[PDB]
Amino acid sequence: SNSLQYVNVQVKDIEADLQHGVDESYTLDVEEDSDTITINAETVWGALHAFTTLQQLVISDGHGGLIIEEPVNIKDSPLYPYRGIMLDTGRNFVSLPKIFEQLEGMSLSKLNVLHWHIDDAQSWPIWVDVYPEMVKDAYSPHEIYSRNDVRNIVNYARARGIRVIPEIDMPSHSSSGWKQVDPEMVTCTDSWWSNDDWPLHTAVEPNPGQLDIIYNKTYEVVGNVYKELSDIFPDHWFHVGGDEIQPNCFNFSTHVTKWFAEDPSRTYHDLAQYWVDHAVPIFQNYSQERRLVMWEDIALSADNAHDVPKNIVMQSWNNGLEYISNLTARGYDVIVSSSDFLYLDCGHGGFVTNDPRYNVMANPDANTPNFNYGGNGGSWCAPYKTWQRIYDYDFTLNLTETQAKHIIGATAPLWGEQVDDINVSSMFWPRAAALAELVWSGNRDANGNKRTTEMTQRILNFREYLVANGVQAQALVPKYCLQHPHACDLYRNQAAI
């Protein structure tokens, strides 16, 4: 039979830049009596996907050579244009080589968005020219992302058709960095986060602090940081945060205390709206093509603002389908990140110290799962999300045809409280690859039935493929299960799912 010599690639539009919605489709054809592997694609980005497909097809003939096992015709494209994971370098620093390693993983699984949660309350690791002093709240001089570092990250991604979407979370999760520019611009940073004394709590987790929404100069400093960062990140999309505004924290701001005093009818909804009316126009005005992303909290929490522009994409992490349905029904575009399915950090207990909740020497109630015995172990989103839990997630279930059109894709976040170089790759992978397939080609076979059981061998093999490509992905099963397909199935009935 006829040997393969060439890979012909025809790309229709060589101009299309790496930006939201760009056509990622391709065809790949290997014919019985052709010496050519034929790849067609609407853009270069579709062509790259073809190559990563293709490398998973060329294998050893076991005699020193290489084969593709059979002729093949493929036609491929993603169900959703937004296929992401989120990296948190605010809680702990992740080095460039480990960031590259993740981008390699994304490449091979065809994820195309790295949502970069750059800072948080706990550190500001990114160099800002206009305020050099912000990196004083970096963990060490060697744990700073220089501008050239960012250039190499953007570029490494670009080369693998991956969009980097920066997030500077505001106005909550704000202490480090900001407070170096102007102490007044953040509030309650010196407060005790006070979950031991719940009615005084200033944050949901240690390191409290929020931007002072009323303090006039806040918007000067954010505008200058945002602008400088917008210039170095080329994606038209920018994530401005909006999660977990804590009302109690503003009690440390004289400025907000006065603002409530001067008109006592005001609520935290108004305060949230004040931020929306002053921050958003600054953000939206960077360029004409700019789209913002925000956490759903701004438009859906208990302290939600009244009117969030339907311009702004909502990232949904709470209450699963209920918040997705709610959001889509109001006309917002939604990135699915539902923490009951897709949060990669759950299941490692709590990180807060001096915690007596662990100190229980016997099961206090065997009749039900409780803190130390079958319950959450200190991790608010427990249990750990397995690859199956992720893959099984039908995030468009019970949505109308119009709601479902507002779903633009998904993002599995990996919050960094207990993540750094050591385990970042084993927490992302290979679970991220399960989401990868979910938002690329779905979790259903040709007949519409859920094919989780079929995914098993594919994801088990891909895990090893990841490891061979330098991506330190976690073992999922005993290797016996790899070598004996379905030997490790709970249900012998292959339609159980």
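Numbering starts at 1 and runs along the sequence shown.
Asker: Can you tell me whether 282-290 has a higher mean C-alpha B factor than 336-344 in this record, or the other way round?
Answerer: According to the entry, 282-290 carries the higher average C-alpha B-factor.
Asker: Tell me which of 423-431 and 251-259 has the higher mean C-alpha B-factor in the deposited entry.
Answerer: Between 251-259 and 423-431, it is 251-259 that shows the higher mean C-alpha B-factor.
Asker: If you compare 102, 367, 386, 112, which has the highest Cα B-factor in the entry?
Answerer: Spelled out: the listed residue with the top C-alpha B-factor is 367.
Asker: Select one of 198, 295, 233, 139: the residue whose C-alpha shows the highest B-factor in the crystal structure entry.
Answerer: Of the options given, 198 has the highest CA B-factor in the PDB entry.
Asker: With respect to C-alpha B-factor, does residue 245 fall in the lowest, middle or highest third of the chain as deposited?
Answerer: It belongs to the highest third of the chain when residues are ordered by C-alpha B-factor.
Asker: Mind checking which third residue 220 falls in for C-alpha B-factor across the chain?
Answerer: According to the entry, residue 220 has a C-alpha B-factor in the chain's highest third.
Asker: Lowest, middle or highest third: where is residue 350 by C-alpha B factor in its chain?
Answerer: Lowest third.
Asker: Split into thirds by Cα B-factor across the chain's modelled residues, where does residue 356 land: lowest, middle or highest?
Answerer: It belongs to the middle third of the chain when residues are ordered by C-alpha B-factor.
Asker: Splitting the chain's C-alpha B-factors into thirds, which one does residue 317 fall into?
Answerer: As the PDB entry reports it, the C-alpha B-factor of residue 317 lands in the middle third of its chain.
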